[PDB]
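J.: What follows is a structure written as structure tokens; I'll ask about it next.
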Amino acid sequence: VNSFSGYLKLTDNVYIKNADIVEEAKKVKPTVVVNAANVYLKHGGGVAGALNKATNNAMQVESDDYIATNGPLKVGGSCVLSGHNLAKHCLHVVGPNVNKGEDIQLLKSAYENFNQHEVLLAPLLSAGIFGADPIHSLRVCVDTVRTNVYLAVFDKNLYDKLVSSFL
Ligand SMILES: OCc1cn([C@@H]2CCCN(c3ncnc4[nH]ccc34)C2)nn1
């Protein structure tokens with residue numbers, strides 16, 4: 001039993017809710033919240049900008065030190081950093097950004113990072129300002145992640161479309 005509430009069950013291990021991931025993280029304080037990161041961990045907009053803003057920019061400060069030490073992530077890769085006031089840990093995962101021409105096949109590699117964590121609160125990777133089709137992202141999630149994932153979808157209209165079209 002866990003504290004996630006109001007989710008629709010899609011499969012054995014994947015759950016979905018119309019929710020603001022920032023507000024959901026604040027309330028659940030999950031072990032792991034996933035950030036929709038870029039390789040530079042520049043958390044300017046989308047989910048990343050919202051998560052970082054909720055940490056009062058502490059996520060960005062920590063991220064800048066990480067990059068200065070380690071260099072950029074790979075597209076499809078991830079790193080574990082602090083969850084600050086939102087979660088124990090933040091798993092920063094880089095999905096491909098279609099608006100940069102990155103290969104959508106890397107979306108599966110991106111979701112594979114979730115399998116290193118037993119339970120996660122997450123957005124749909126490569127959705128929103130990353131330019132991929134969220135219906136496809138949900139399909140890859142379901143077909144790749146084997147651990148327990150609680151997906152937060154900000155837009156109510158999109159949430160309803162994702163549920164209604166789910167196979
Ligand atoms: O159409 C509106 C819309 C845009 N996006 C992008 C794409 C990926 C998912 N998403 C978020 N997912 C959960 N929480 C959030 N808070 C703030 C953003 C957010 C950001 N999603 N819906």
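Residue numbers start at 1 in each chain; chains themselves are named A, B, ... in the order of the structure tokens; ligands are numbered from 1 in the order shown.
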Hey, what's within 6 Å of region 84-87 of chain A if we count only C-alpha atoms and toss same-chain stuff fewer than 5 positions away? As a PyMOL selection string, please?
T.: chain A and resi 25-26+29-32
J.: Output N, CA, C and O atoms for every residue in that selection, as a PDB file, in the first residue's frame.
T.:
ATOM      1  N   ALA A  25       3.639  16.142  -5.874  1.00  0.00           N
ATOM      2  CA  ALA A  25       4.865  15.890  -5.129  1.00  0.00           C
ATOM      3  C   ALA A  25       4.801  16.523  -3.745  1.00  0.00           C
ATOM      4  O   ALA A  25       5.148  15.882  -2.747  1.00  0.00           O
ATOM      5  N   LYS A  26       4.329  17.770  -3.667  1.00  0.00           N
ATOM      6  CA  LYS A  26       4.219  18.456  -2.375  1.00  0.00           C
ATOM      7  C   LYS A  26       3.350  17.688  -1.389  1.00  0.00           C
ATOM      8  O   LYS A  26       3.625  17.678  -0.184  1.00  0.00           O
ATOM      9  N   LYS A  29       5.093  13.606  -1.157  1.00  0.00           N
ATOM     10  CA  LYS A  29       6.502  13.515  -0.794  1.00  0.00           C
ATOM     11  C   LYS A  29       7.027  12.130  -1.181  1.00  0.00           C
ATOM     12  O   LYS A  29       7.528  11.385  -0.334  1.00  0.00           O
ATOM     13  N   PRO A  30       6.923  11.770  -2.458  1.00  0.00           N
ATOM     14  CA  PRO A  30       7.325  10.432  -2.894  1.00  0.00           C
ATOM     15  C   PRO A  30       8.826  10.242  -2.731  1.00  0.00           C
ATOM     16  O   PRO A  30       9.602  11.196  -2.642  1.00  0.00           O
ATOM     17  N   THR A  31       9.232   8.976  -2.692  1.00  0.00           N
ATOM     18  CA  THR A  31      10.654   8.652  -2.681  1.00  0.00           C
ATOM     19  C   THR A  31      11.346   9.226  -3.910  1.00  0.00           C
ATOM     20  O   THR A  31      12.461   9.756  -3.811  1.00  0.00           O
ATOM     21  N   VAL A  32      10.704   9.128  -5.075  1.00  0.00           N
ATOM     22  CA  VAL A  32      11.272   9.594  -6.340  1.00  0.00           C
ATOM     23  C   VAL A  32      10.231  10.393  -7.116  1.00  0.00           C
ATOM     24  O   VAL A  32       9.149   9.878  -7.420  1.00  0.00           O
TER      25      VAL A  32
END
J.: Collect all residues with atoms no farther than 7 Å from ligand 1, counting only C-alpha atoms and all ligand atoms, and output them as a PyMOL selection string.
T.: chain A and resi 19-22+46-47+50+123-130+152-155+158
J.: Residue 33 (chain A): which residues within 6 Å, counting only C-alpha atoms, same-chain residues fewer than 6 positions away excluded, as a count of residues only?
T.: 4
J.: At a cut-off of 7 Å, can you tabulate as a Markdown table every residue of region 107-142 of chain A near region 66-83 of chain A together with its closest atom pair and the distance in Å to one decimal, using only C-alpha atoms and ordering rows by chain then number?
T.:
| residue | atom | partner | partner_atom | distance |
| --- | --- | --- | --- | --- |
| A:107 | CA | A:76 | CA | 6.5 |
| A:109 | CA | A:76 | CA | 5.1 |
| A:110 | CA | A:76 | CA | 4.0 |
| A:113 | CA | A:78 | CA | 6.7 |
J.: Kindly export the residues of the current selection with N, CA and C atoms, as a short mmCIF file (atom, residue, chain, number, x, y, z; two decimals), in the first residue's frame.
T.:
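What landed in part_17.cif:
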data_model
loop_
_atom_site.label_atom_id
_atom_site.label_comp_id
_atom_site.auth_asym_id
_atom_site.auth_seq_id
_atom_site.Cartn_x
_atom_site.Cartn_y
_atom_site.Cartn_z
N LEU A 107 13.25 7.36 -26.69
CA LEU A 107 12.26 7.44 -25.64
C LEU A 107 12.22 6.16 -24.81
N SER A 109 14.76 4.09 -24.21
CA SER A 109 15.93 4.16 -23.33
C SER A 109 15.69 5.09 -22.14
N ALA A 110 15.03 6.22 -22.39
CA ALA A 110 14.73 7.16 -21.31
C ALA A 110 13.85 6.51 -20.25
N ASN A 113 15.25 4.05 -17.46
CA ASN A 113 15.80 4.56 -16.21
C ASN A 113 14.82 4.37 -15.05
#
J.: How would you write, as a ChimeraX atom specification, the set of residues in chain A that DSSP gives as strand (DSSP E)?
T.: /A:8-9,14-18,32-36,78-82,89-93,119-122,148-153
J.: Determine the nearest neighbour of residue 132 (chain A) from the options A:102, A:53, A:59, A:6, counting only C-alpha atoms.
T.: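 Closest to residue 132 (chain A) of all the choices is A:102.
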J.: Nearest residue to residue 37 (chain A) out of A:63, A:57, A:159, A:12, using only C-alpha atoms?
T.: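 Of the candidates, the smallest distance to residue 37 (chain A) is held by A:63.
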J.: Counting only C-alpha atoms, what is within 9 Å of residue 118 (chain A), bar same-chain residues fewer than 2 positions away, as a list in words?
T.: residues 114, 115, 116, 120, 146, 147, 148 and 149 of chain A
J.: Store the residues picked out above in a file with C-alpha atoms, as a PDB file, in the first residue's frame.
T.:
ATOM      1  CA  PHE A 114      12.532   4.243 -14.263  1.00  0.00           C
ATOM      2  CA  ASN A 115      13.193   0.503 -13.737  1.00  0.00           C
ATOM      3  CA  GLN A 116      15.979   1.345 -11.272  1.00  0.00           C
ATOM      4  CA  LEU A 120       8.017   6.829  -8.980  1.00  0.00           C
ATOM      5  CA  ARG A 146       8.076  -2.605 -15.002  1.00  0.00           C
ATOM      6  CA  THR A 147       8.265  -0.780 -11.663  1.00  0.00           C
ATOM      7  CA  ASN A 148       5.312   1.097 -10.190  1.00  0.00           C
ATOM      8  CA  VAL A 149       4.809   4.432 -11.932  1.00  0.00           C
TER       9      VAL A 149
END
J.: Would you list, as a PyMOL selection string, the residues of chain A that end up in helix (DSSP H, G or I) under DSSP run on this structure's backbone?
T.: chain A and resi 21-28+46-54+58-70+98-100+106-116+128-130+134-144+156-164
J.: Any idea what the distance is between CA of residue 11 (chain A) and CA of residue 142 (chain A)?
T.: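 Between these atoms lies a distance of 7.5 Å.
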J.: Separation of CA of residue 133 (chain A) and CA of residue 13 (chain A), in Å?
T.: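 It comes out at 21.6 Å.
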